[PDB]
Amino acid sequence: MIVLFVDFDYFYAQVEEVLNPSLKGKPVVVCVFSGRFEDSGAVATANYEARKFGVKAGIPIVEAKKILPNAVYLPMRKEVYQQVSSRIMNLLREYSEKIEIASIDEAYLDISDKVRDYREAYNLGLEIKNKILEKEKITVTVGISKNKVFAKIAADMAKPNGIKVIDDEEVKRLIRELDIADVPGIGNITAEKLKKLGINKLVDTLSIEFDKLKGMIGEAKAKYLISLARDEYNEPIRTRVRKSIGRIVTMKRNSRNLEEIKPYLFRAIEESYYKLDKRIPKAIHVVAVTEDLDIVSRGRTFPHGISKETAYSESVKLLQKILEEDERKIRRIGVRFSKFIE
DNA sequence: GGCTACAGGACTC
DNA sequence: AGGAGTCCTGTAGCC
Ligand SMILES: Nc1ccn([C@@H]2C[C@@H](O)[C@H](COP(=O)(O)OP(=O)(O)O)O2)c(=O)n1
Ligand SMILES: [Ca+2]
Ligand SMILES: [Ca+2]
């Protein structure tokens, strides 16, 4: 298998750039304003000008404002970004039919059937960039290798506005010299559990006993890392089918009062049903973030599709069950729908 | 022992 | 300290 991965660079910021090029060269911070008070919320993304000075995704807008007060701060406009993304994804469809759209700004192409060797792939990646640069004036980063993981790793090493192939020898060099924390799916909690155990690099998972590693990180993550380390990871590029849709909103004040949480719950439901479109869910989950930022949720599956009016009703009962079974105040509340009708 | 549904955890961002 | 979505795991109810 040969896999080409494309990752759009600083995507939300770059779209804002394209809709207003006067922004180009200045630091740009796309934000999610929670609506508690002036500048409550977080940075969803920043362009590389802003990232130099430390303003990056996840930090609070307040923290960012300290560092770059003259930077342009823009509210997230996801609908816009999604339409730019859908257009870019169809351009990619012209270069392969086996396409896996992984997020709003990431896609894998199986380019076995389209390419013979890696240097031919690298020219294919130059074509794809320039097409996207011409058509949408969006820079992207391309990663090419033997599988999805190492193509993503390639693009991680090359962004922004980069191209890179990791050949079959490079893969073997990475197996034993890549900080295992740079492997997709290995976050901070799992990184630690690997150190607190011995494993700093992928090759190390072959020397530890399986049950010991399985004990720490779980069967699936152990099987995954092992398969990567043996160079036997080969998972297919397959079309991703959306499995759930939902909305969570931040309330202006924390609360355990049913009657003042309800309006936010109901808006989240109205917004979620719009977004559902023609999809009919058989399952609903109410999700709350407590004041100490812990996530609590209750859900029910139905032997039939959930009408909006049933959503309204079941959601209050599920919310009541949260209030009853968990004693902490609620800060954020929404819903999530799943198990769609086929 | 092994299957299915839930509620939480971890990760991608 | 926002918002969205996925896969995985421990537990319980049931063959
Ligand atoms: N915590 C984060 C991280 C990234 N993002 C958004 C969501 C995702 O679609 C987009 C991708 O990130 P971006 O292109 O800015 O940079 P990178 O590719 O993530 O380095 O940023 C977010 O909303 N929240
Ligand atoms: Ca990305
Ligand atoms: Ca990106």
# chains A, B, ... in the order shown; residues from 1 in each chain; ligands from 1
$ residues_near_ligand --ligand "ligand 2" --cutoff "9 Å" --atoms "only C-alpha atoms (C1' of nucleotides) and all ligand atoms" --output "ChimeraX atom specification"
/A:6-11,103-106 /B:12-13
$ interface_residues --of "chain B" --to "chain A" --cutoff "9 Å" --atoms "only C-alpha atoms (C1' of nucleotides)" --output "PyMOL selection string"
chain B and resi 5-8+10-13
$ interface_residues --of "chain A" --to "chain C" --cutoff "9 Å" --atoms "only C-alpha atoms (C1' of nucleotides)" --output "ChimeraX atom specification"
/A:31-34,41-44,58-60,218,220-221,242-250,293
$ closest_residue --among "A:330, A:2, A:269, A:157" --to "residue 316 of chain A" --atoms "only C-alpha atoms"
A:269
$ atom_distance --atom1 "atom CA of residue 28 of chain A" --atom2 "atom CA of residue 48 of chain A"
8.3 Å
$ select_by_dssp --residues "segment 218-248 of chain A" --states "strand (DSSP E)" --output "ChimeraX atom specification"
/A:244-248
$ atom_distance --atom1 "atom CA of residue 305 of chain A" --atom2 "atom CA of residue 280 of chain A"
5.6 Å
$ select_by_dssp --residues "segment 170-299 of chain A" --states "alpha helix (DSSP H)" --output "PyMOL selection string"
chain A and resi 170-177+188-195+210-217+219-229+258-276
$ write_last_selection --atoms "N, CA and C atoms" --output "short mmCIF file (atom, residue, chain, number, x, y, z; two decimals), in the first residue's frame"
data_model
loop_
_atom_site.label_atom_id
_atom_site.label_comp_id
_atom_site.auth_asym_id
_atom_site.auth_seq_id
_atom_site.Cartn_x
_atom_site.Cartn_y
_atom_site.Cartn_z
N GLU A 170 13.29 4.46 6.23
CA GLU A 170 12.86 5.53 7.16
C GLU A 170 11.86 5.03 8.21
N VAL A 171 10.87 4.25 7.79
CA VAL A 171 9.90 3.65 8.72
C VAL A 171 10.63 2.86 9.82
N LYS A 172 11.54 1.98 9.40
CA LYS A 172 12.38 1.17 10.32
C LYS A 172 13.27 2.00 11.24
N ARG A 173 13.74 3.14 10.74
CA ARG A 173 14.53 4.06 11.54
C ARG A 173 13.63 4.75 12.57
N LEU A 174 12.41 5.05 12.16
CA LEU A 174 11.41 5.66 13.05
C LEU A 174 10.91 4.68 14.09
N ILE A 175 10.75 3.42 13.72
CA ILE A 175 10.30 2.40 14.66
C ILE A 175 11.13 2.49 15.94
N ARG A 176 12.44 2.69 15.80
CA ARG A 176 13.34 2.71 16.96
C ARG A 176 13.86 4.08 17.41
N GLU A 177 13.65 5.13 16.61
CA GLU A 177 14.14 6.48 16.97
C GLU A 177 13.07 7.60 17.11
N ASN A 188 -1.04 12.39 26.33
CA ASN A 188 -0.18 12.59 27.50
C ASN A 188 -0.38 11.51 28.55
N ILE A 189 -1.63 11.12 28.77
CA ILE A 189 -1.92 10.08 29.75
C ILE A 189 -1.28 8.74 29.36
N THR A 190 -1.39 8.38 28.09
CA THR A 190 -0.78 7.15 27.58
C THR A 190 0.74 7.27 27.48
N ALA A 191 1.24 8.41 27.02
CA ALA A 191 2.69 8.66 27.04
C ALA A 191 3.29 8.32 28.41
N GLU A 192 2.75 8.92 29.47
CA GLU A 192 3.24 8.66 30.83
C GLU A 192 3.21 7.17 31.12
N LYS A 193 2.04 6.55 30.99
CA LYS A 193 1.91 5.12 31.27
C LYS A 193 2.92 4.25 30.49
N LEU A 194 3.42 4.76 29.36
CA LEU A 194 4.50 4.08 28.63
C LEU A 194 5.88 4.28 29.30
N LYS A 195 6.22 5.52 29.67
CA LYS A 195 7.45 5.78 30.45
C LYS A 195 7.44 5.02 31.77
N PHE A 210 3.51 -8.87 26.71
CA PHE A 210 2.28 -8.27 26.17
C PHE A 210 1.27 -7.91 27.25
N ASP A 211 1.00 -8.86 28.14
CA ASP A 211 0.06 -8.66 29.24
C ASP A 211 0.44 -7.49 30.18
N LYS A 212 1.73 -7.20 30.28
CA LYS A 212 2.21 -6.07 31.09
C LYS A 212 1.82 -4.75 30.41
N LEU A 213 2.10 -4.66 29.11
CA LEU A 213 1.70 -3.52 28.29
C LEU A 213 0.18 -3.44 28.15
N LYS A 214 -0.46 -4.57 27.88
CA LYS A 214 -1.93 -4.63 27.85
C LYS A 214 -2.53 -4.17 29.17
N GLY A 215 -1.88 -4.54 30.27
CA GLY A 215 -2.29 -4.10 31.60
C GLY A 215 -2.32 -2.59 31.74
N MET A 216 -1.27 -1.93 31.26
CA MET A 216 -1.16 -0.48 31.41
C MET A 216 -2.05 0.30 30.44
N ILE A 217 -1.95 0.00 29.15
CA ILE A 217 -2.60 0.84 28.10
C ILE A 217 -3.85 0.24 27.43
N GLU A 219 -5.85 -3.50 25.65
CA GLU A 219 -5.63 -4.42 24.54
C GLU A 219 -5.47 -3.70 23.19
N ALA A 220 -6.41 -2.82 22.87
CA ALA A 220 -6.43 -2.20 21.54
C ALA A 220 -5.19 -1.32 21.29
N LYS A 221 -4.81 -0.53 22.28
CA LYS A 221 -3.64 0.32 22.15
C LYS A 221 -2.33 -0.50 22.15
N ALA A 222 -2.29 -1.55 22.95
CA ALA A 222 -1.17 -2.47 22.90
C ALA A 222 -1.06 -3.15 21.54
N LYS A 223 -2.16 -3.74 21.06
CA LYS A 223 -2.17 -4.41 19.74
C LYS A 223 -1.74 -3.46 18.61
N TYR A 224 -2.19 -2.21 18.70
CA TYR A 224 -1.87 -1.16 17.73
C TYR A 224 -0.38 -0.81 17.71
N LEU A 225 0.17 -0.52 18.89
CA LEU A 225 1.57 -0.12 19.00
C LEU A 225 2.51 -1.26 18.61
N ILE A 226 2.20 -2.45 19.10
CA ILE A 226 2.89 -3.65 18.67
C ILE A 226 2.86 -3.83 17.15
N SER A 227 1.69 -3.67 16.54
CA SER A 227 1.57 -3.90 15.09
C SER A 227 2.37 -2.84 14.34
N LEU A 228 2.40 -1.62 14.89
CA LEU A 228 3.26 -0.58 14.33
C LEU A 228 4.73 -0.91 14.45
N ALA A 229 5.10 -1.45 15.60
CA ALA A 229 6.49 -1.76 15.90
C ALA A 229 7.00 -2.93 15.05
N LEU A 258 -33.35 22.83 37.32
CA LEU A 258 -33.94 22.31 36.10
C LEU A 258 -34.47 23.40 35.17
N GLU A 259 -35.22 24.35 35.72
CA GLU A 259 -35.97 25.31 34.89
C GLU A 259 -35.09 26.35 34.17
N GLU A 260 -33.90 26.61 34.68
CA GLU A 260 -32.98 27.54 34.02
C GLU A 260 -31.91 26.83 33.17
N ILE A 261 -31.78 25.52 33.33
CA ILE A 261 -30.92 24.72 32.45
C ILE A 261 -31.67 24.36 31.16
N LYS A 262 -32.97 24.11 31.31
CA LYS A 262 -33.86 23.69 30.21
C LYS A 262 -33.70 24.49 28.91
N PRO A 263 -33.73 25.84 28.99
CA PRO A 263 -33.60 26.60 27.75
C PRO A 263 -32.34 26.29 26.94
N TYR A 264 -31.21 26.10 27.62
CA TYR A 264 -29.95 25.80 26.94
C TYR A 264 -30.06 24.39 26.34
N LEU A 265 -30.59 23.44 27.12
CA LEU A 265 -30.81 22.09 26.65
C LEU A 265 -31.66 22.07 25.39
N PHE A 266 -32.72 22.88 25.39
CA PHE A 266 -33.65 22.90 24.26
C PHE A 266 -33.03 23.53 23.00
N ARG A 267 -32.28 24.61 23.16
CA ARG A 267 -31.52 25.19 22.05
C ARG A 267 -30.53 24.17 21.45
N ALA A 268 -29.80 23.47 22.32
CA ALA A 268 -28.86 22.48 21.85
C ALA A 268 -29.56 21.41 21.00
N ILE A 269 -30.79 21.08 21.38
CA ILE A 269 -31.64 20.10 20.68
C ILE A 269 -32.11 20.64 19.34
N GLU A 270 -32.61 21.87 19.34
CA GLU A 270 -33.01 22.53 18.08
C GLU A 270 -31.80 22.61 17.12
N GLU A 271 -30.67 23.08 17.62
CA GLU A 271 -29.46 23.16 16.81
C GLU A 271 -29.02 21.77 16.34
N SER A 272 -29.15 20.76 17.20
CA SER A 272 -28.72 19.42 16.82
C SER A 272 -29.60 18.80 15.75
N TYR A 273 -30.90 19.09 15.79
CA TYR A 273 -31.84 18.56 14.77
C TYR A 273 -31.68 19.18 13.39
N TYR A 274 -31.42 20.48 13.35
CA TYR A 274 -31.03 21.14 12.12
C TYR A 274 -29.86 20.37 11.54
N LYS A 275 -28.78 20.28 12.32
CA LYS A 275 -27.54 19.61 11.86
C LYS A 275 -27.74 18.16 11.48
N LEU A 276 -28.70 17.49 12.12
CA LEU A 276 -29.05 16.10 11.79
C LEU A 276 -29.53 15.97 10.34
#
$ closest_residue --among "A:91, A:180, A:13, A:115" --to "ligand 3" --atoms "only C-alpha atoms and all ligand atoms"
A:13
